[PDB]
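# Chains, contacts and geometry: an overview
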Amino acid sequence: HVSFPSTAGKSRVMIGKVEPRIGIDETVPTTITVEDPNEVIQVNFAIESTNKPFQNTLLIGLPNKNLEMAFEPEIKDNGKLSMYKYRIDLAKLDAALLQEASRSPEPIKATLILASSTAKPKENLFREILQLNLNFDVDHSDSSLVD
Amino acid sequence: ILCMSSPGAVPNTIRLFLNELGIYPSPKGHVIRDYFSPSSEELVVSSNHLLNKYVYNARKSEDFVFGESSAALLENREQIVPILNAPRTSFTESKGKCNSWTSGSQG
Amino acid sequence: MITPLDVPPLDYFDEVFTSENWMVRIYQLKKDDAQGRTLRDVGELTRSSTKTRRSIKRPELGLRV
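Here is what the cut-offs are and how they apply
Residue labels reflect position in each chain's written sequence, counted from 1, rather than necessarily the entry's numbering. Residues lacking coordinates are not shown. All chains are assigned letters beginning at A, and all ligands numbers beginning at 1, according to the order in which they are written. Any value quoted here refers to the chains shown, not to the larger assembly they are part of. Only hydrogens and water are removed before side-chain values are computed, so all heavy atoms of the structure are retained for them. Residues with missing side-chain atoms are left out of burial classes, side-chain pairs and their counts. UniProt positions are given in the numbering used here, feature names are shortened, and annotations may be inferred rather than shown by experiment. Throughout, a residue-residue contact means that at least one pair of heavy atoms, one from each residue, lies within 4.5 Å. Charged residues are taken to be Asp, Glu, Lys and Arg, nonpolar residues to be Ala, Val, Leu, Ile, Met, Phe, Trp, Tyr, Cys and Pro, and polar residues to be all remaining types, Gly included. The numbering of helices and of strands both runs from the N terminus, where a helix is a DSSP run of H or I of at least 4 residues and a strand a run of E of at least 2. Note on aromatic pairs: the rings of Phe, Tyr and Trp (six-membered ring only in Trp) are paired at centre separations within 6.5 Å, and the planes decide the class, stacked below 30 degrees, edge-to-face beyond 60, tilted for the rest.

Looking at the entry header, you'll see cryo-EM listed as the method and 3.46 Å as the resolution.

Database annotation for chain A, UniProt heading Pathway: "Protein modification; protein glycosylation." Listed under Subcellular location in UniProt, the entry text for chain A is "Endoplasmic reticulum membrane".

See the structure below:
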């Protein structure tokens, strides 16, 4: 079958902006990132289904500092169409991530993995899909997780 | 103390002792696996995952061989000293329908 | 009236002196744990030793910094 991803950001925190901008090698990417405006649940769409899912995960956070949170999707299959839902809560993120994203100006990256065992090599997709640029103020100096 | 473990060898006393320290190893069934690996036969961990310079600092890139490993979760205190990491893609998958012990580079 | 089940145990202090008529009582702070555990966990581990067993439970904790 063919899948389609829908990453929905609840965004309890007010300020938020998704600005996908990356240039990488050919890793079986075929979709194009599109952002749909809405009131609260501002969902982003993708048709980036090129391999078969045996593991399907969304890694959010800072990769260069080894701060990764993993998210599991909600599957709904209708024949050929396999829709994936990726609920991302901006208030349920762990404090150790926000307390570091507030200070460091670097954006929080978000990539997804859709690999499988039987899939032939050099086509299992491992690509970056979002660069969230958080531009508000959070708490610090009181309960910092770095300590 | 030096201490070893594996999904084929998980002493209960060792698990309880480590849990008392702050380290949480995986249980018997769960085993780590990584599809993005140069050698499918066993686990090959790249020397780029070293996390603490004083223990061992790689003069040159190399590949450490592991087989049927079992990653561990770590609490957040000042005594624990992470020395190696697991590749971001890797994940622990148990035989039964139990949730994955550790996902991503957290293991 | 006072029953022995009333007073909870003291985990962070340890008695070092008390007079003949229990009038003046001198306690001492315990030295912080070497492994970094909270002394209440040490207390619950030493008073509840055999029966407090759980098979397997994935701990819920913040991602390692």
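Still more to cover.
## Considering the interface of chain C and chain A
Listed as interface residues are 4 residues of chain C and, on the opposing side, 7 residues of chain A. Partitioned by chemical class, the residues of the side of chain C that touches chain A number 2 nonpolar, 1 polar and 1 charged.

## Overview of the interface of chain B and chain C
On the chain C side, the residues contacting the 16 residues of chain B number 15 residues. At the level of secondary structure, the elements contributing two or more residues to the side of chain B that touches chain C comprise α1 (12–21) and β5 (73–74) of chain B. Taken together, the residues of the side of chain B that touches chain C break down into 8 nonpolar, 4 polar and 4 charged.

## Overview of the packing of aromatic side chains
With a centroid separation of 6.3 Å and an interplanar angle of 90°, the aromatic rings of A:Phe54 and B:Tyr35 are classed as edge-to-face. With one member in each of two chains, A:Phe54 in the loop between β3 (42–45) and β4 (57–62) and B:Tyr35 in the loop between β2 (31–33) and β3 (43–46) form a pair that bridges those chains. With a centroid separation of 5.9 Å and 55° between ring planes, the pair formed by B:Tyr35 and B:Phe91 is classed as tilted. Of this pair, B:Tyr35 sits in the loop between β2 and β3 while B:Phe91 sits in strand β6 (residues 91–93); the two residues are 56 residues apart in sequence, bridging distant segments of the chain. Every member of this aromatic cluster is reached through a ring pair, and the members are A:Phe54, B:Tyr35 and B:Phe91.

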